[PDB]
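See below for the structure under consideration.
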Amino acid sequence: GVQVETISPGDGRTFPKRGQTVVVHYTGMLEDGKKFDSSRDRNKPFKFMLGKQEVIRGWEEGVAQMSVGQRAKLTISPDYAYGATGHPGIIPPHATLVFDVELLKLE
Ligand SMILES: C=C[C@H]1CN(Cc2ccccn2)C(=O)[C@@H]2CCC[C@H]1N2S(=O)(=O)c1cc(Cl)cc(Cl)c1
């Protein structure tokens, strides 16, 4: 599954739901490894629409637990990320992922 651990608090009121456009900054890391990607490298925020399965399941379930303004750590098991296959060259097989996510706004 996905574990959500808060780093810094959001508004405690505005939590995204299916069909909303969520704007975030994030860093993605392998558990027991290093960073593999971040939004903040280019500084252009990452945008996605919740509940359209355009991001991994752990994001779908974990970002839905975040409110606007919040920064949280998401720990995502392989079955909620990229499973047995991964994405060779960036995410290995059977990888647990850790993300530092900051939910900026709904757009
Ligand atoms: C590239 C940005 C996305 C990619 N996706 C969607 C997705 C789309 C197609 C293939 C793999 N993943 C995702 O679901 C998640 C979570 C949202 C932020 C980013 N990733 S990510 O795990 O950091 C990532 C980032 C990058 Cl550069 C490549 C991969 Cl294969 C995965």
Side-chain angles (χ1 to χ4, degrees), residues 1-12 14-17 19-39 45-78 80-107:
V2 50
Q3 301 168 61
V4 188
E5 293 177 89
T6 185
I7 299 165
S8 63
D11 71 0
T14 312
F15 300 78
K17 67 193 175 187
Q20 296 188 304
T21 302
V22 182
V23 184
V24 306
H25 286 143
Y26 70 90
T27 294
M29 291 154 280
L30 302 183
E31 189 182 71
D32 303 328
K34 301 302 200 194
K35 296 178 178 180
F36 65 78
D37 186 47
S38 59
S39 66
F46 178 69
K47 298 189 182 163
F48 74 99
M49 183 182 288
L50 198 62
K52 304 308 287 203
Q53 293 174 295
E54 71 179 334
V55 293
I56 57 173
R57 191 177 178 174
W59 272 54
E60 298 282 42
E61 174 175 342
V63 173
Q65 293 176 68
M66 294 178 65
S67 61
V68 167
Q70 187 177 3
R71 187 175 186 140
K73 171 186 189 179
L74 304 185
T75 306
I76 303 172
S77 67
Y80 277 59
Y82 299 100
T85 303
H87 278 261
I90 189 160
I91 309 304
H94 303 286
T96 299
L97 303 191
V98 174
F99 290 85
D100 172 1
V101 183
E102 184 183 15
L103 174 59
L104 300 171
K105 54 196 134 189
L106 301 187
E107 272 186 9

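Heads up: numbering here begins at 1 and tracks the sequence. These values consider heavy atoms only, across backbone and side chains, with no hydrogens, waters or symmetry-generated copies.
- Hydrophobic clustering (ILVMFWY, side-chain heavy atoms < 4.5 Å, transitive): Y26 and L106 are in one cluster.
- In summary, the side chains of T6 and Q70 do present a donor paired with an acceptor at a separation below 3.5 Å, with no hydrogens or angles considered.
- Proximity of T27 to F99: side-chain heavy atoms (C-beta onward) are nowhere separated by under 4.5 Å.
- Taking both residues in full, the closest heavy atoms of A81 and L97 are given as CB-CD1, 3.7 Å, listed atom of the first, atom of the second, then distance.
- Smallest separation of non-hydrogen atoms from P16 and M66: CD-O, 3.2 Å.
- The distance from atom CG of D100 to atom CD of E5, rounded to the nearest 0.5 Å, is 12.0 Å.
- Expressed to the nearest 0.5 Å, how far CD of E31 lies from CD1 of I76 amounts to 11.0 Å.
- Using a 4.5 Å cut-off between side-chain heavy atoms of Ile, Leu, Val, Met, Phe, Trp and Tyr, with links allowed through other members, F48 and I90 fall into the same hydrophobic cluster.
- Summarising the geometry of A84 relative to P93, their closest heavy-atom pair is O-CB, 3.2 Å, with the distance given to 0.1 Å.
- Listed here is the closest heavy atom pair of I7 and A72: CD1-C, 3.7 Å.
- Residues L74 and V63 share a closest heavy-atom pair of CD1-CG2, 4.2 Å.
- In terms of heavy atoms, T96 sits closest to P78 at OG1-CD, 3.5 Å.
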| field | Stepwise side chain to side chain contact (heavy atoms under 4.5 Å, CB included) check, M49 with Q20 | value | CA-CA 5 Å; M49 183 182 288; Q20 296 188 304; over 6 Å; no
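- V98 shares a hydrophobic cluster with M29; the chain of contacts runs through ILVMFWY side chains whose heavy atoms sit under 4.5 Å apart.
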| task | Decide yes or no on side chain to side chain contact (heavy atoms under 4.5 Å, CB included) for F36 and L30, but give the supporting numbers first. | result | CA-CA 7 Å; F36 65 78; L30 302 183; 3.8 Å; yes
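- The backbone N or O of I56 lies less than 3.5 Å from no partner atom in the side chain of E60, so there is not a single donor-acceptor pair.
- For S67 (side chain) and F15 (main-chain N/O), no donor-acceptor pair under 3.5 Å exists by modelled atom type.
- Residues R71 and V101 form no side-chain contact, since every pair of their non-hydrogen atoms from C-beta on lies 4.5 Å or further apart.
- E102 contributes atom CD, which lies 6.5 Å from atom OG of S8 (distance to the nearest 0.5 angstrom).
- Atoms OG1 and NZ, from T21 and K47 in turn, are 8.5 Å apart once rounded to the nearest 0.5 Å.
- Taking the six-membered ring where the residue is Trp, the centroids of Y80 and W59 are separated by 6.0 Å or more.
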